[PDB]
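In what follows, chains carry the letters A, B, and so on, assigned in the order in which the sequence lines appear, proteins first and then strands, with residues in each chain numbered from 1. All values below come from the heavy atoms of this structure, side chains included, with hydrogens, waters and symmetry mates left out.
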2 protein chains.
Amino acid sequence: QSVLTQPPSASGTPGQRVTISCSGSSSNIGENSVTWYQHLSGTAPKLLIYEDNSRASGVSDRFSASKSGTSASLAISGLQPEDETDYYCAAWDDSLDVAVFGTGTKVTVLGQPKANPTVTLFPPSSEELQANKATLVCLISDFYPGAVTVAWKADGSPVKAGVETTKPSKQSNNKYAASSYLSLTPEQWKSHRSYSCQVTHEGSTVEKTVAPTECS
Amino acid sequence: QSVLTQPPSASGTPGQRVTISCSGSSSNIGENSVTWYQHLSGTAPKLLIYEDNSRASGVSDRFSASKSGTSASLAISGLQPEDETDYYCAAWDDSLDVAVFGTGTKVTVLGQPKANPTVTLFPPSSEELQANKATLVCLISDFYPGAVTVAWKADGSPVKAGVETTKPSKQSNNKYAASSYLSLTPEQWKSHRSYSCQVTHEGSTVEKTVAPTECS
């Protein structure tokens with residue numbers, strides 16, 4: 001039989017230190033070495049700990065683990081917001097002859113700082129103009145919380161056609177990123193001299209403007 | 001980490017038959033035993049297969065599995081939507097007693113036709129470089145199912161470091177959009193002959209390239 005029990009979630013304030021428990025049986029944990037993984041959903045679990053308390057290269061000293069009898073624990077000291085993820089444990093099951101995983105624990109980092117987005121406007125590429133297409137991308141990164149507004153303007157006047165904005169999603173650092181793209185004609189691109197992306201986040205607005213070519 | 005390669009999506013019409021491959025070295029799969037996991041964005045993985053092919057007692061017979069040295073594969077002979085979950089392979093033992101997970105594969109039952117993505121590479125503007133920065137953007141659009149894997153190189157060398165990739169999202173045409181950006185310094189940029197963006201999508205792999213020509 002089957003699994004290693006983990007509390008569903010954990011909760012901590014930045015700089016604090018949270019403990020993740022893993023319970024098992026004597027066939028698995030009791031007798032064999034434990035392993036802990038961090039999982040972003042869609043990346044592939046990343047090994048943190050091996051052989052009960054060994055750290056994998058790239059793993060920080062903020063994460064330490066141990067095993068007591070039939071129980072194992074992971075301690076995150078210095079809770080950072082990039083730490084908000086899922087943590088799974090594992091150990092070989094002698095009687096079951098398999099690797100038996102933990103139920104998974106998701107750490108919630110309460111009261112994360114507010115991060116006003118960084119805005120970057122990309123004008124139509126060459127590759128794409130000498131291909132007779134024109135797309136502008138307004139990259140919106142490093143924001144928190146994760147809700148923003150986007151508005152496009154052309155020569156000051158509202159661009160109320162051709163825009164596509166992406167729902168924000170988490171970046172590795174636990175901050176959001178999104179994009180807004182406007183498909184125009186190379187015809188349209190040229191005829192204008194100013195294009196602009198305006199992003200509103202938490203009572204603050206930033207606008208970046210782009211103008212038909214500049215440089216070599 | 002440095003693990004198992006799995007296509008991002010696998011998908012078919014109801015009652016169809018779907019295959020999910022898993023690729024590695026003659027160190028992992030290629031030598032070890034491979035296990036398969038089933039993961040809904042609900043708490044825990046769930047072993048379908050163990051010791052290459054032996055079905056986890058109680059798993060449905062619509063699940064078959066095999067290995068052949070380098071590769072491995074799990075066939076879902078009975079595609080029904082309760083199968084619409086992520087799937088993971090795992091080899092076992094590079095450093096001792098650890099799981100070596102694959103990238104995960106998302107299975108979707110086609111609700112619309114397959115659509116290869118349109119990839120577009122955008123180099124820095126003159127403007128952001130005049131400001132002493134450089135960010136390339138890789139726009140990924142018009143693709144279905146909703147899942148991709150993006151990789152960046154610099155003179156045919158993987159760029160792991162400093163790339164973020166957005167989670168796919170449903171735009172106004174009913175197809176998905178995503179974007180991945182690579183943050184550099186204005187000289188980290190110009191010290192390389194070019195940068196390319198590579199998107200893998202249910203069979204198809206597209207690679208776009210770009211060179212520093214911005215007021216160069």
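Smallest separation of non-hydrogen atoms from B:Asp142 and B:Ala115: O-CB, 3.6 Å. Nearest heavy atoms, B:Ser71 versus B:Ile29: O-CG2, 3.5 Å. Nearest approach of A:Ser183 to A:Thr135, heavy atoms of both residues: OG-CG2, 4.1 Å.
Between B:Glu202 and the choices B:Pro7, B:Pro145, B:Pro8, B:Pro117, the side-chain contact (heavy atoms from CB on, under 4.5 Å) rule is met once, by B:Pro145. When the options B:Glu187, B:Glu127, B:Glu128 are evaluated for a salt bridge (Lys or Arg N to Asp or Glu O under 4.0 Å) with B:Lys133, the one that passes is B:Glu128. Evaluated for a salt bridge (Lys or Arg N to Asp or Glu O under 4.0 Å) with A:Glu82, the options A:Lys175, A:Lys170, A:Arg62 yield exactly one hit, A:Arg62. With respect to A:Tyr195, the side-chain contact (heavy atoms from CB on, under 4.5 Å) criterion is satisfied by exactly one of A:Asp155, A:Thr209, A:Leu136: A:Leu136.
Counting only distance, with no hydrogens or angles, the side chain of A:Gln16 and the backbone of A:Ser77 share no donor-acceptor pair below 3.5 Å. Side chain of B:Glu164 to backbone of A:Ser172: a donor-acceptor contact under 3.5 angstrom is found. When atom types are taken as modelled, the side chain of A:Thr43 and the backbone of A:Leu40 share a donor-acceptor pair closer than 3.5 angstrom. Between the side chain of B:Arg17 and the backbone N or O of B:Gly78 there is no donor-acceptor pair closer than 3.5 Å. Of the possible donor and acceptor atoms, none in the side chain of B:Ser25 sits under 3.5 Å from a partner among the backbone N and O of B:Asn28. In this structure, the side chain of A:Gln80 does not engage the main chain of A:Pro14 through any donor-acceptor pair within 3.5 Å.
Using modelled atom types and a 3.5 Å distance limit, the side chains of B:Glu31 and B:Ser26 yield no donor-acceptor pair. Side-chain polar atoms of A:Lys167 and B:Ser169 form a donor-acceptor pair below 3.5 angstrom.
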Evaluate side-chain contact (heavy atoms from CB on, under 4.5 Å) for B:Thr35 paired with B:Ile49, printing each intermediate quantity in order. CA-CA 5 Å; B:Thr35 264; B:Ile49 293 72; over 6 Å; no
Before you tell me yes or no, could you show the steps for A:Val107 and A:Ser9 under side-chain contact (heavy atoms from CB on, under 4.5 Å), namely the whole-Å CA-CA distance, both residues' side-chain angles and the distance that decides it to 0.1 Å? CA-CA 6 Å; A:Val107 160; A:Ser9 81; over 6 Å; no
Between A:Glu84 and A:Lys106, is the salt bridge (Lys or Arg N to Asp or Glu O under 4.0 Å) condition met? List the steps. CA-CA 7 Å; A:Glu84 208 187 274; A:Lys106 110 291 177 190; over 6 Å; no
Let's go through B:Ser179 and A:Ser179 carefully: what are the C-alpha distance in whole Å and the side-chain angles of both, what is the deciding distance for side-chain hydrogen bond (donor to acceptor under 3.5 Å, both in side chains) to 0.1 Å, and is it a yes or a no? CA-CA 7 Å; B:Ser179 47; A:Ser179 327; 2.4 Å; yes
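For B:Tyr88 and A:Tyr37, the gap between ring centers reaches or exceeds 6.0 Å.
Under the ring pair (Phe, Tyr, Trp, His ring centres under 6.0 Å) criterion, the residue pairs touching residues 127-153 of chain B are B:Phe143-B:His201, with sequence neighbours excluded.
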